[PDB]
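K.L.:
Quick one: structure below, then a few questions.
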Amino acid sequence: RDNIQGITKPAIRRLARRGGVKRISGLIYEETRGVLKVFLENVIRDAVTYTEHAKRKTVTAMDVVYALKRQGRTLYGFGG
Amino acid sequence: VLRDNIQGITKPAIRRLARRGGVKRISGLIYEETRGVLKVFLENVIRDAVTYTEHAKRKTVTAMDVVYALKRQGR
Amino acid sequence: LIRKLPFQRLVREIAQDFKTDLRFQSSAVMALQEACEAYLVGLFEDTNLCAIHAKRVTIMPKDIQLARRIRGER
Amino acid sequence: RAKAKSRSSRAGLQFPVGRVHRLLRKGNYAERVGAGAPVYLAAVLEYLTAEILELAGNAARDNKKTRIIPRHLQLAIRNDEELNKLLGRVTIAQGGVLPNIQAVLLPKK
Amino acid sequence: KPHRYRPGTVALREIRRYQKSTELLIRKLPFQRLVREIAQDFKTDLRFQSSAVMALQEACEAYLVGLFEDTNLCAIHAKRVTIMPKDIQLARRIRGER
Amino acid sequence: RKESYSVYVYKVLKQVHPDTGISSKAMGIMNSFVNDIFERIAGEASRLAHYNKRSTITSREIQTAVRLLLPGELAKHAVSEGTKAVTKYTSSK
DNA sequence: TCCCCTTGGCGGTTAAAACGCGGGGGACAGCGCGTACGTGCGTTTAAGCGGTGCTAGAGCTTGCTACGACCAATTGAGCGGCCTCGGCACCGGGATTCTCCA
DNA sequence: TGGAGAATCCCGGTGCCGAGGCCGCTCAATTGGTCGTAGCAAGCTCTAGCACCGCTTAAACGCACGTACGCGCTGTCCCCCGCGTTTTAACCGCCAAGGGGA
């Protein structure tokens, strides 16, 4: 399935432009995919504990927000 | 009254701290930069530790006030 | 690493700006020094990574600035 | 029985001192909650709401917009040396980034 | 003969565009499949609210954008206009994250 | 029944910019901010109580939390406006 | 038994990703110099340890009343639902800006 | 400096859709009373924090001197951009299922 390859080079390029990056080594695309997957694992793992410890099957935006705030990366906008 | 005591972290003390961090060679511009870094850090921990000391209505800052102040800087 | 008496006068000097005539426990001074030693040792390491990046052997204030900016202190 | 006067009205606050009292109790922050703690806290919440909304209302006007968009909140927060300290590890949905190009990257003259 | 801008001209135009815009830069449906692909390892027949995946794009795009800025600083510290994987590795390692 | 500060944020809005509006998406960020700063102050006031072995969240513990939590000139004006509100509360009734 | 809502499939169509290719300019290796920093030695300066004296203030006990928890009665502030118009975006094409080669 | 052409700004028109305001209700904040208690105030102890003195030596520092490492300068090439062409799959709509919960 390997949907991490669905994070295409242009999408990683646009993220780098918003990051103010002028020139990008072609080796960056596979390092950025590896970074993203390592990050997105940790959040979904912890959110799923909130979902199941609340005896739900649906993971909810506040499960993500609690996981994010637990990981020190507080996100505003989706809920208080 | 105390003044100029930031010079009391001597250059060799900065070297000892730097070599403990693995640094092999130290620009002379590191010494003044490190003193600024030390004082900006130490001010923040002291400020909160004194804010805890005032809350207890104490005149003595305690090791537990430091621990709480450090724990907050940890955040 | 740092000597005790000069660091003691340093923390008392800083305290004057927050409250005059504060007392400090002997244990409170040491808890501050050991945290400052651990802060600086653990920062010089992050500057050495900035110096060993860019092919240098010698750490520069530019490395402290990059370390502190990426640690988030700047 | 006298007509009720909301605890906010007596403090002059827009923020709800009664709700802030409940939430301090419901949250089990401590066994007891003094009558003044909800008043002091609600005043600080109302202040910090007013600070951010003036800077974001400026940013909105600077962009000819009447409504605060999330963009205007992020611009206001990141342009302020104290809101960026308070929210330095906070992420804002559709906030974006500050326009900021490193000068070494600009085209050489 | 048609025009052609110099190398680095359109990079600056793209920076000035994407630092001005706020809309999300990763595609929607490819990220849903990435989230559900990851979720499969943790529990079968999990569901996500649409807001739960959209909350999760916003968190990770901000993580990647915020990392690129730190790696760009590591690139220009090596006196490079070009970011390279060891810049990502340095940035994360200074962040205590690698 | 889900509770939101949006009604109170909007009253504060008309006292800083009577002409200016807000989007519900921006309001969601404001509501997230109010909840996050309530939680941070209340959590530190809770710790201040516990550290001092006191059963009561007092205004002195909101004040010290605000001095611990907020930076610089935000802390000093926040302490001012809180103490004014507590004074008006005590004086009024 | 019945409603709600999340996942999957179908189709188009269309915009964004993938692929190609020339070239340029930036990465990067090689080289020279000079200066800037580590090492060594004599000097001094003050840190650290052993000893003396005093008093502030942490920390504990005791006593009582203030004040907040509790709860029953009352109501109005604030939320869920509905409605509309005006702010803002997207569209188009004319005007100004900016870049790059001459 | 010029200039053309491609890129961006502004200005006007159109739409739509979401914000701001209105109305019903409720349930959640406020009022008035009671009772426990907790923390606020007093008073005693004695602890350990601060000041000082004097000796010791080991750490600091000023300067001498070299060489190792920083940095500018030169060459190369390669490899990443930028723009044209091809392809795919992303996104929107609409329907389906069944799956869970009451």
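Chains as they are written, first to last, in the numbering used here: chain A, 22 to 101; chain B, 1237 to 1311; chain C, 863 to 936; chain D, 23 to 131; chain E, -19 to 78; chain F, 2 to 94. Backbone N, C-alpha and C define an ideal beta-carbon position, used for all residues, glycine too.
Suppose contacts are defined by Cβ-Cβ distances below 8 Å. Is residue 58 of chain D in contact with residue 35 of chain F by that definition?
P.N.:
Cβ atoms of residue 58 of chain D and residue 35 of chain F: not closer than 8 Å.
K.L.:
Determine whether the beta carbon atoms of residue 64 of chain A and residue 32 of chain A lie at a separation below 8 Å.
P.N.:
Cβ distance not < 8 Å, so residue 64 of chain A and residue 32 of chain A don't count as in contact.
K.L.:
Determine the DSSP secondary structure at residue 906 of chain C, reduced to helix, strand or coil.
P.N.:
DSSP places residue 906 of chain C in helix when its eight states are reduced to three.
K.L.:
Taking 8 Å as the CB-CB cut-off, is residue 43 of chain A touching chain D?
P.N.:
Yes, because at least one Cβ of chain D sits closer than 8 Å to the Cβ of residue 43 of chain A.
K.L.:
Going residue by residue through the segment 35 to 70 of chain D, where are the continuous alpha helix (DSSP H) segments of at least 4 residues, counting only ones entirely within it?
P.N.:
You should have 39 to 48.
K.L.:
Is residue 1307 of chain B close to chain C? Criterion is C-beta to C-beta, closer than 8 Å.
P.N.:
So, not an interface residue.
K.L.:
Which ranges would you report for the alpha helix (DSSP H) in the segment -10 to 31 of chain E if only whole runs of at least 4 residues count?
P.N.:
Listed in chain order, they are 8 to 20.
K.L.:
Based on DSSP bridge pairs, tell me the residues matched to residue 89 of chain D.
P.N.:
Looking at the DSSP assignment, residue 89 of chain D forms a beta bridge with F:22.
K.L.:
Considering only DSSP beta bridges, list what residue 97 of chain A is partnered with.
P.N.:
In DSSP, residue 97 of chain A forms a bridge with D:114.
K.L.:
What are the start and end residues of the alpha helix (DSSP H) that includes residue 64 of chain F?
P.N.:
Counting along the chain, the alpha helix (DSSP H) containing residue 64 of chain F begins and ends at 60 to 70.
K.L.:
Of the residues C:914, C:905, C:917 and C:897, which one's Cα is nearest the Cα of residue 933 of chain C?
P.N.:
Nearest of C:914, C:905, C:917 and C:897 to residue 933 of chain C, Cα basis: C:905.
K.L.:
Using CA coordinates, which residue listed in D:118, D:110 and D:33 is at the minimum distance from residue 71 of chain F?
P.N.:
It is D:110.
K.L.:
Looking only at DSSP bridge pairs, what is residue 1297 of chain B linked to?
P.N.:
Residue 1297 of chain B is bridged to C:886.
K.L.:
Taking residue 129 of chain D as part of the alpha helix (DSSP H), name the residues at either end of that continuous run.
P.N.:
Taken as a continuous stretch (DSSP letters only), residue 129 of chain D belongs to no alpha helix (DSSP H), as it is neither H nor E.
K.L.:
Determine the chain E residues that contact residue 123 of chain D at a beta-carbon separation under 9 Å, and present them in chain order.
P.N.:
Simply -8, -5, -4 and -1.
K.L.:
For the alpha helix (DSSP H) that residue 71 of chain E lies in, which residues bound it at each end?
P.N.:
Segment 65 to 74, the alpha helix (DSSP H) holding residue 71 of chain E.
K.L.:
Is it true that the segment 12 to 31 of chain F meets the segment 79 to 91 of chain D, where meeting means three or more beta-carbon pairs spaced less than 8 Å apart?
P.N.:
With the cut-off at 8 Å, the segment 12 to 31 of chain F and the segment 79 to 91 of chain D touch.
K.L.:
For residue 44 of chain A, which residues does DSSP report across the bridge?
P.N.:
Per DSSP, E:62.
K.L.:
Of all Cβ atoms in chain C, is any one closer than 8 Å to the Cβ of residue 1293 of chain B?
P.N.:
For residue 1293 of chain B, the answer is no, since every Cβ of chain C falls outside 8 Å of its Cβ.
K.L.:
Run through chain A and tell me which residues come within less than 8 Å of residue 30 of chain F, C-beta to C-beta.
P.N.:
Under the 8 Å cutoff, chain A gives 97 and 98.
K.L.:
Among F:75, F:92, F:17 and F:64, which has the Cα closest to the Cα of residue 83 of chain D?
P.N.:
Minimum Cα distance to residue 83 of chain D is reached at F:17.
K.L.:
With a CB to CB cut of under 7 Å and the five nearest residues on each side skipped, what residues in its chain are close to residue 84 of chain A?
P.N.:
So the qualifying residues of the chain are 68, 71 and 72.
K.L.:
DSSP three-state call for residue 57 of chain F: helix, strand or coil?
P.N.:
In this structure, residue 57 of chain F counts as strand in the three-state DSSP scheme.
K.L.:
With H, G and I counted as helix, E and B as strand and the rest as coil, what does DSSP make of residue 32 of chain F?
P.N.:
In the structure shown, residue 32 of chain F sits in a helix (DSSP, three-state: H, G or I).
K.L.:
Say whether chain C places a C-beta atom closer than 8 Å to the C-beta of residue 57 of chain E.
P.N.:
Output row for residue 57 of chain E: interface = yes.
K.L.:
To the nearest angstrom, how far is it from the Cα of residue 55 of chain F to the Cα of residue 24 of chain D?
P.N.:
So the two alpha carbons sit approximately 34 Å from each other.
K.L.:
Could you tell me whether any Cβ in chain A is nearer than 8 Å to the Cβ of residue 40 of chain E?
P.N.:
Interface residue, yes.
K.L.:
Give the range of the alpha helix (DSSP H) segment to which residue 63 of chain A is assigned.
P.N.:
Taken as a continuous stretch (DSSP letters only), the alpha helix (DSSP H) holding residue 63 of chain A covers 49 to 74.
K.L.:
Can you tell me whether DSSP reads residue 77 of chain E as helix, strand or coil?
P.N.:
In this structure, residue 77 of chain E counts as coil in the three-state DSSP scheme.
K.L.:
Using CA coordinates, which residue listed in E:45, E:36, E:41 and E:3 is at the minimum distance from residue 81 of chain A?
P.N.:
Nearest C-alpha to residue 81 of chain A: E:36.
K.L.:
Give a yes or no on whether the minimum CB-CB distance between residue 75 of chain E and chain C is below 8 Å.
P.N.:
Yes, contact with chain C.
K.L.:
Are the CB atoms of residue 93 of chain A and residue 30 of chain F within a distance shorter than 8 Å?
P.N.:
Contact flag unset, no.
K.L.:
Please classify residue 78 of chain D as buried or exposed, where buried requires at least 16 other C-beta atoms within 10 Å of its C-beta.
P.N.:
Classification of residue 78 of chain D: buried, given that the 10 Å Cβ count is 16 or more.
K.L.:
Spatial neighbours of residue 57 of chain F within its chain, please: C-beta separation below 8 Å, excluding the five flanking residues on both sides.
P.N.:
Cβ neighbours of residue 57 of chain F beyond the five flanking positions: 50.
K.L.:
Is it true that the segment 911 to 924 of chain C meets the segment 60 to 68 of chain F, where meeting means three or more beta-carbon pairs spaced less than 8 Å apart?
P.N.:
Because the criterion of three Cβ pairs below 8 Å is not met, the segment 911 to 924 of chain C and the segment 60 to 68 of chain F do not touch.
K.L.:
Note down the Cα distance separating residue 44 of chain E from residue 73 of chain E, rounded to an integer number of angstroms.
P.N.:
Cα to Cα, the separation comes out at about 15 Å.
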